[PDB]
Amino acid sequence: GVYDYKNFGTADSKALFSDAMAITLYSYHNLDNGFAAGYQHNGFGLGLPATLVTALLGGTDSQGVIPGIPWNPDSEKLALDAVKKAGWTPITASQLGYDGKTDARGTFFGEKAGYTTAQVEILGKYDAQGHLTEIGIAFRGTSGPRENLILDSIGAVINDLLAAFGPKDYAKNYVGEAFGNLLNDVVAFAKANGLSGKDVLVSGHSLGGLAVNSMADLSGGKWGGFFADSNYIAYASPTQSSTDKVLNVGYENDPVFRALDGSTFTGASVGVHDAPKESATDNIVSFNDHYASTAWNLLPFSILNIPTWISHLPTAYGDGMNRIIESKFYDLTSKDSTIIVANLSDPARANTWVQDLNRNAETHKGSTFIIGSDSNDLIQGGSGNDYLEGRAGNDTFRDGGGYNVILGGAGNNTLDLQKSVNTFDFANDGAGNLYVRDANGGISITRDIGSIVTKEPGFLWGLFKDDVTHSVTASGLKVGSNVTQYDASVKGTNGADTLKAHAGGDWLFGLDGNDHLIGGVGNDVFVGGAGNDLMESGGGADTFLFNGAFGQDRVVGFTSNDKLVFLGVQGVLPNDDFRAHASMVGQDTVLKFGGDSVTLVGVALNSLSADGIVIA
């Protein structure tokens, strides 16, 4: 999964991620809620007030109205409800033995000249009995004063901030300077409650995330090395620590995210700075009204251009990246997966296609995941391999080919094919999956797509030009009266079946159980499903399709004109070739995908070509 951390399980990593995001959001106490609400309702045609950028960096004396970012009446009470729902409760100064101040929210403040506006929330997670199990440290970073930030042009101020981080280990040492004594109290408090460092989660966004990275660098180091084993997840940090300790999460079109090389200002710092970084998620796009806009992108991408900072705002971090977490595709992804998140206003959402524009980014690598919203989305895949997720609402997909998985989720969803119905084949396994094979043999596996739209020259037909809408029924594609039939197939049961193809070619669907798929002399498509399936080619130019937790299969009679299609499987990295997944056991080639496997019986490794082993 894209947020896997250290050696935690996939699931444990996600739970950590969500806690990190919860506490991070809390640290801002709903600062961008007014702006995000206006953006969602109205669009970004008005751009972004320079005052929100200074609020992000400098801190605020609040909670009031400095414009044009709206109130926000209920705001700190909603932020606090939400952090608590996510399982966290602010820890008091008194609980810590802390001598210093906390404001009316329970926020602690920096301790040395130059850090006195730095803030941090210290929160605790308690089991059903009232015992502390975990501590959360959420840095809200500043500089701070709200006071050097108006004496210059906003761009000259951003530029100087950025250049000040690297020299004299300022960014590195930041958390030791600001919170060195507080963190000793946290160490004392944690131990008294039987916690060790592994039970401490460290997060923050922005300058907060700079602080997460700074703590990691010092965790060696200071506080008796108590936090050396703590968990560090930074959002939208400009810096990366030198440790291997921090998961650095961010949107790729966030101008602040990765702006420094470690903490080094470079030529890329004030333009596109999308070179891959070990600790960082490098390919998560916020597909927002700015990113979608020709007009907005007339100016070069730069952190010095305030409108670019819309991609930095925390509410969209929360909301979009929680939809990654929630994805049916989540466990196919890895740290650098290309992920396009639908982040558009209501106005733009009605008429803009969410797609990988690859704008202000280095060229994307591997398969593309596109995650919709709970509203009606327009989602367009490319002619590569794409995993399209509609989530709730009535979504419409398009896709330019390749190998794909299209999930429409809740609602009434449609796949617009934008070619003729005659140039595609359709199959249907009776277990909810409808398969679409294109004229180039690219296959999409679809769920919850009730309607297909084709562009008939036409006639076809029939009565109906030009675009025509087919209902997806058990017996085929129904345009009112006519059926466009499903390709010939044999369907099994969820037990162990033996299925036999006809000489003309069949789609063979074993479904669950350990099946025995005996193809014939024709061009068959083998889908063994869950279970450990024995599939024989029988002749022909055959296709073996593997999706999900496909099990430990055996393929017999595999030749040069046959194809293994791996789609929606475990253990794949951007640009994997089969040679990464291949070994030999006697005269058989074994291909492993996480804990799934295909043994090609009596096929020597060296005889295999990448053209008939598609890894999507």
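Residue indices: 1-based, along the sequence shown.
According to the PDB record, 97-105 carries the higher mean C-alpha B-factor of the two stretches 201-209 and 97-105. Taking the mean C-alpha B-factor of each stretch as recorded, 485-493 and 389-397 are not equal, and the higher mean is that of 485-493. Of the residues listed, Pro167, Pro314, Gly320, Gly250, the entry assigns the biggest Cα temperature factor to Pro167. Among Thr92, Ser279, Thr142, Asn184, the highest C-alpha B-factor recorded in the PDB entry belongs to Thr142. The entry lists a Cα temperature factor for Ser375 that places it in the middle third of the chain's modelled residues. Looking at the C-alpha B-factors along this chain, the one for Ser27 belongs to the lowest third. Sort the modelled residues of the chain by CA B factor and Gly262 lands in the middle third. When the modelled residues of the chain are ordered by C-alpha B-factor, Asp336 sits in the lowest third. In the PDB entry, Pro73 places in the highest third of its chain by CA B-factor.
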